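1. first chunk of the complex, coordinates as they sit in the assembly:
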Amino acid sequence: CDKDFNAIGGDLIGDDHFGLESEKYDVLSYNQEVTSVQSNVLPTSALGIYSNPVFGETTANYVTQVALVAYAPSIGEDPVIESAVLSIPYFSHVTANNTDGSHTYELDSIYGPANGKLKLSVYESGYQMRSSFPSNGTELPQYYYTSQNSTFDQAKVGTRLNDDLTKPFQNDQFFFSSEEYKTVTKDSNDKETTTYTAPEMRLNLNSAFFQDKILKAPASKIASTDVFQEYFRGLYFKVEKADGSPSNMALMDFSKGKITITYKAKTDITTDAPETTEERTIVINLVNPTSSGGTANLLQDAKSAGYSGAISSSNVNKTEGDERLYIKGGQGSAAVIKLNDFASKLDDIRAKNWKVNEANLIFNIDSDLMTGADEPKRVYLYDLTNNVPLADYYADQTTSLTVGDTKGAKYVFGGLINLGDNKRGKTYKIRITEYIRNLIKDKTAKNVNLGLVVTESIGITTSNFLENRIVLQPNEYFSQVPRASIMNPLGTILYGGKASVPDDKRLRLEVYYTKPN
C-alpha cells in the first residue's frame, strides 16, 4: 500500500527540460453566401415556413417521386375507390402513458411557434425526374437545386388533391398535430382491436383522381417503375401562410410516406358469381430520398437586412476579414477560415523542434445580436480546398456520454454549443490538434482553406454541390457544402478575426506547445 502521492519536497527536485506554453495566432475569416445547392439526396427535408427574427423567413417546399410496392397489379373487376389517405409519420416521442391504453406524444423537430398554421397544398407533379442522364460518353448524375421551386410549381397539373373542404385542418388551416389516431375494429369475430398509430400527417386526397389514375388506368402504365413514374411523375408539396395565424416549419422523413387507396372489386368469384364485392388496397409509396434522386427540397429564404448586408459581396473583406460571421444552414452562408499567420511562422516552429500538445479555435457568439432566435446546437469545420473532413474528425472516436445521443459524438473534436447559465449560447470550440501537427511534422503538407458551417448531425459528412461554383480567389473555388448544413435551417452569428475586434472576443488560433530546452 504505497501507491499514494504527496505534495512534500517538490522544490528539491530539479526542473524539467521542456516548456509547456501556448501561442496565439490571427485568423482570416470572411463570409461567403451559399447559392442554390443540391437538395436531391437529403435524408431529412423541411416542409413549412419558419420566421427567424435575425436571419429572416424561409419557406420550404418538397417534391418527390411516387412508386408502387408491386408493379403490374391486379386491381380487379369493377373497382370502386372508397378512400385515398396519405400518411407521413412525424418525428415524435411518447411523453405520458395514459390509462385505457393510448399514449400522449410531443412533436419533435418543429421549428417556430407551436400554434402556427400553414396552408398546405398537395399537387400532382408534371415534371419528370431522373436520377442520372447520359452525356457525351459519360453517365452524369442528376441534381435538383433549392432554387428550382418555380420549375416544379409551373409544371403542376390540376388542383390540390387535399381538397376536402369539410376538414379545414388538412387544407387552408393545416397544422402539425400530435394525435394518436385511435382505431377500433370489431372484426375479431365480435371482439374489438384497439390499435394506435403514432402522430402522422393524414390527408384525404381526391377520390375521383385516384379512381382513373390507378383503379381505372391502362395496364400499360402501371406495368413497371419506368412507365409508372412517367405516368404519375410525383407529388408536389406547397406551403403558404394561413389566414391570421403564424407559421412553423418541421423536418420530416418522407421515405416512410405513402398513400393507400382503399377500394372494392368484384372478387375472384366464379363460385357464387353474384354482384358481391371484396375490399382491396393498393399502396403508392414515396421514393426514398437516399436510394433515389427524384426528391428535391425547394428552400426559399427572405434574408433580413442585417444578414443580407453582411453576406453581400460589397461588405466582405477578403484581405483583412469580417468582424461578424453569419453562418446559416440550408441555402444560407458559410465562413472561410485561413490560418495565414500560423503558416508564416511555420518555418520557425518546425526548426525549433516544438511539439503541439493541443490546438483549438474558439468561436464566440454575439449574444447581443443573436437574441430571441433559436441557436444551432453544433457547428462543423471541414476542409474547403479538398471538401473532405479534417484529420481531427477521423482521429476522434469519442461517443456521446448520454445513451442514444448520436448527435453529441466526437466531443473531443468540438463544435458543440457551450450554453451559459442564461440557457443561451456562449461559444463553440473546435480542436484541430491533428491538423496542426501534420503541418509542422510534414514539410510537403500545405495549409488548406477551412470552412465553418452549421451542422445537423456529425455523422453525415457527405457534401452537396452548388449549381454554379464560386471563385473565392484566382485559383480557389467554393463548389460544395456539407450535406448536414443544408438540412439545418438555423444559423448563428460569431465574432470575426479582424484586428478591430476586441482581443477578448476576436477569433484566433491558440496552440499549446512543448518547447524542449
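-> It's in. Numbering: from 1, shown residues only, chains lettered A, B, ... in the order given.
2. Which residue ranges of chain A form helices?
-> A:149-154, A:207-210, A:225-231, A:305-311, A:340-344, A:346-351, A:391-395, A:433-441, A:483-487 (DSSP state H).
3. can you give me the strands for the stretch 301-450 of chain A?
-> Under the criterion DSSP state E, counting those that start in this stretch, the stretch 301-450 of chain A contains strands at A:324-328, A:333-338, A:355-364, A:379-383, A:388-389, A:414-419, A:425-431, A:450-454.
4. now those in a markdown table, with distance to residue A:517 and mean neighbour count?
-> (C-beta placed from N, C-alpha, C; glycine too.) Shown next, in a markdown table, are the strands of the stretch 301-450 of chain A (distance: least, C-beta to C-beta, whole Å; neighbours: other C-beta atoms under 10 Å):
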| stretch | distance to residue A:517 | mean neighbour count |
| --- | --- | --- |
| strand A:324-328 | 38 | 25 |
| strand A:333-338 | 32 | 24 |
| strand A:355-364 | 12 | 19 |
| strand A:379-383 | 33 | 24 |
| strand A:388-389 | 36 | 16 |
| strand A:414-419 | 31 | 18 |
| strand A:425-431 | 26 | 20 |
| strand A:450-454 | 32 | 25 |
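5. Same list (the ones you listed) but as JSON lines, adding distance to residue A:491.
-> Compiled in JSON lines, the strands of the stretch 301-450 of chain A are given as follows (distance: least, C-beta to C-beta, whole Å):
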{"stretch": "strand A:324-328", "distance to residue A:491": "3"}
{"stretch": "strand A:333-338", "distance to residue A:491": "8"}
{"stretch": "strand A:355-364", "distance to residue A:491": "13"}
{"stretch": "strand A:379-383", "distance to residue A:491": "10"}
{"stretch": "strand A:388-389", "distance to residue A:491": "21"}
{"stretch": "strand A:414-419", "distance to residue A:491": "13"}
{"stretch": "strand A:425-431", "distance to residue A:491": "12"}
{"stretch": "strand A:450-454", "distance to residue A:491": "6"}
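6. ok, residue A:104 - contacts?
-> Residues near residue A:104 by C-beta atoms under 8 Å, 6 or more residues apart in numbering: A:94, A:95, A:96, A:97, A:98, A:178, A:180.
7. Report the two of these separated the most.
-> The most widely separated members of those, counting by C-beta to C-beta, are A:97 and A:178 (14.8 Å).
8. Append chain B to the structure above:
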Amino acid sequence: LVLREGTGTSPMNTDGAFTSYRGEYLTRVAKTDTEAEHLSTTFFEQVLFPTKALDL
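-> Let me add chain B to what's already shown:
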C-alpha cells in the same frame, strides 16, 4: 434487322448502351389434335423509358 441507322457513333461490344427494348421468346408449340403446329412468341421483358445504361 436494321430498320433505321442512327446519325451518331456506334458502341463497342463492351460499352454501355442507353436503349429501350421489348423482348420475346420463340417456342415451338406441339401440334394439338385440333390445332396444327406453329410458332408462338411470348413477352418477358420491356423497358420503354431507359434510365441507366446497360453494360454490354
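9. Which residues does the spatially closest residue to residue A:281 that is not a sequence neighbour form beta bridges with?
-> Among residues not flanking residue A:281 along the chain, residue A:262 sits closest, at 5.1 Å (C-beta to C-beta, 6 or more residues apart in numbering or on different chains). Assessed by DSSP bridges, residue A:262 has beta-bridge partners residue A:83, residue A:281.
10. The residue nearest the centre of chain B - nearest residue in space that isn't next to it in sequence?
-> Note on chain B: the residue nearest the mean C-alpha position is residue B:23, at 3.4 Å, using C-alpha atoms, centre = their mean. Closest residue in space to residue B:23, ignoring its immediate chain neighbours: residue B:45 at 5.0 Å, by C-beta to C-beta, 6+ apart.
11. Let me see the contact set for the closest residue to chain B within chain A.
-> Of all residues in chain A, residue A:226 sits closest to chain B, at 4.2 Å by C-beta to the nearest C-beta. Going by C-beta atoms under 8 Å, 6 or more residues apart in numbering or on different chains, residue A:226 touches B:47, B:48, B:49, B:50, B:51.
12. likewise residue A:391?
-> Each residue near residue A:391 by C-beta under 8 Å, 6+ apart is listed here: A:434, A:435, A:438.
13. ok, now residue A:390?
-> A:381, A:382, A:383, A:432, A:434, A:435, A:450.
14. thinking again about what came up before, tell me the strands beside the host helix or strand of the residue nearest to the centre of chain B, with direction?
-> In this assignment (DSSP states H and E), residue B:23 forms part of strand B:21-29. Strand B:21-29 sits in its sheet next to strand B:38-47 (antiparallel), going by DSSP bridges.
15. For the partner strand, what is the distance to the chain centroid?
-> 9 Å (C-alpha atoms, centre = their mean, to the nearest Å).
16. after it comes which helix or strand?
-> Sequence-wise, the next helix or strand downstream of strand B:38-47 (DSSP H and E) is strand B:54-55.
17. Packing partners of that following strand?
-> For strand B:54-55, the packing partners by 3 or more C-beta pairs under 8 Å, 6 or more residues apart in numbering or on different chains; DSSP states H and E come out as strand B:16-17.
18. which stretches of the stretch 51-200 of chain A form strands?
-> Applying DSSP E, counting those that start in this stretch to the stretch 51-200 of chain A gives strands spanning A:56-64, A:66-68, A:80-89, A:92-94, A:105-107, A:110-111, A:118-125, A:132-134, A:139-141, A:156-157, A:200-204.
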